C-alpha cells in the first residue's frame, strides 16, 4: 500500500536496539519563550523532509533531563521530539495532558517560523504523546481528549483511574516495570490497559524484575524499550506496516518470551 510517510531502511532488530540512521541536533526550549508548558528539550533530524511530531512528559518531580534517552532514540529513527518540562514539578496528570497538547501546538507553530531549526520539518497532521508515571497518565488523557493523535506510549503510569480511559481510540502501547513499588503494575498500568476499548490497537509490555525508573534514562532497557517505542511510533505516526512484526510478529514474540519481559498483552494482529 503506497505510504508517503515511510522513512529509513527496512527495520531489523539490531538497528532498532540503537540510535537510528538520522543524524540529529538538539536545542533547549526556554520556559519564557512558550505558553501552556515549562519548555524542554527539542530533538530533530538534520536531513530534509517532514517528520511526525512527538511530545514526551516526565512525572511528578520529573525533569526533561531524565528522559533525553527518548528524545535521542526516537529522533534518530526519524521524528521531531520535544521532551517537556512542566510549569511546576508538582503538576497533576490533567495538567500534564494540557502541557503535552501545548507542546505539540508549539511544534506546529515553530514549523512555520523561518528562524526555527525545525522550519518546514514537521508534519503537523501526525502527532503523538508519551510520558512517565503522571506524565504517562497525562499522555493517555491527551490521547483521549485529542483523538486526531496517531499514538500514545504511557510508561509506568501512576494515579489516574482506569475508568478515565474507556473511550481511548488512539493506538496505545503501555510499558510496565514488574516490581514498580510507586505505581504497581497490577493496580495501575494493567487496569488502564484493560479499560481501553478492544476496538483500539493496544499493547502492554512489562520489564521483569525492575522498578519505577526502568523506562527512564539509565534504566538498562534501551535495546528492548527503544525497539518497541520506535516500532509503535513508526507503525502508527508513520503508518509504516514494516514495523508490525516488532509489535505483533516474530521480533515481538522473541522479546516478550525473553527473560527481560514478565508480561505482555495485545489485540494483535495490526
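Positions refer to the first chain, counted from 1.
- Higher average CA B factor: 151-159, of the stretches 189-197 and 151-159.
- Averaged over Cα atoms, the B-factor as recorded in the entry is higher for 110-118 than for the other of 142-150 and 110-118.
- Of the candidates 245, 62, 49, 229, it is 49 whose Cα B-factor is highest according to the PDB record.
- Of the candidates 204, 44, 236, 69, the one whose C-alpha carries the top B factor in the deposited record is 44.
- In this PDB entry, the Cα temperature factor of residue 54 sits in the middle third of its chain's modelled residues.
- The entry lists a Cα temperature factor for residue 208 that places it in the lowest third of the chain's modelled residues.
- The PDB entry assigns residue 180 a C-alpha temperature factor belonging to the lowest third of its chain's modelled residues.
- Looking at the C-alpha B-factors along this chain, the one for residue 132 belongs to the lowest third.
- When the CA B factors of the chain's modelled residues are split into thirds, the value for residue 215 lands in the lowest one.
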